[PDB]
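To begin, one chain is listed below as structure tokens, in the form deposited in one PDB entry.
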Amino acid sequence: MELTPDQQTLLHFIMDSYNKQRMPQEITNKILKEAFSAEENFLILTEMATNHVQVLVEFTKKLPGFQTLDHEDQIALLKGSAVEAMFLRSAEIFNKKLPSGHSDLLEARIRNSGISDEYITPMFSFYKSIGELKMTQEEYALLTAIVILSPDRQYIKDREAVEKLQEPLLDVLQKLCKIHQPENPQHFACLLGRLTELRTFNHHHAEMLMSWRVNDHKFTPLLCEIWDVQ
């Protein structure tokens, strides 16, 4: 029912690692500062995502057992989770409490960023759905670790080796849900269900980027490796 010493150690270690991320307030201030053109917004997106992927590699390498995995499987896990991890992190940032009216302004600024309307609604539907779950920092950090260590990813040669790394994290998350949300026993299943919605954004990320209302879609060599873009 309660966490074991090994589990508390693992949880705290995932937490230290996750807290190395850029401050949510730092991100929201850049957006809420002034209304930018779609071109200035796309540039912010590419800068944010470049730093996100760099921080994600460092968090990923600290995941227990990750360094023991085959080098090609390591690349496949990272390439398959980078997009999902940024969307998951964007939902966390979105749902952080701000002074009255600022969350309405942040929503409107994102809606007017340059992204197509066809992608706006499923994006806000996912953020809204995440916010309803009232997730703690521990839950976001574990769910990010679980997303990275998904054996059910394409191009994985040794699925068993990855499943062995994902199981203890699934075990910790399941325990946290039974403790912080005892009135809702379906909470862990709800969280796991969100990961299927995450996968849809990954399937449409290239079209989302190319449909952005800018004259030129300029990327960095690192973003070309993580996104399916030229």
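One-based numbering along the sequence shown. Throughout, rigid core stands for the largest set of C-alpha atoms superposing within 1.5 Å between the two forms.
The next section is about a form of this same protein that is not shown, the form deposited in another entry.
Core-superposed comparison between this form and the one not shown: the Cα of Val172 travels less than 2 Å.
The rigid-core alignment places the CA of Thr200 less than 2 Å apart between this form and the one not shown. In a rigid-core overlay of the protein, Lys79 has its C-alpha displaced by under 2 Å between this form and the one not shown. CA of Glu26 to CA of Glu139: farther apart by 3 Å or more in that other deposited form than in the shown form.
By 3 Å or more, the C-alpha separation between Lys97 and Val57 shrinks in that other deposited form relative to the form shown here.
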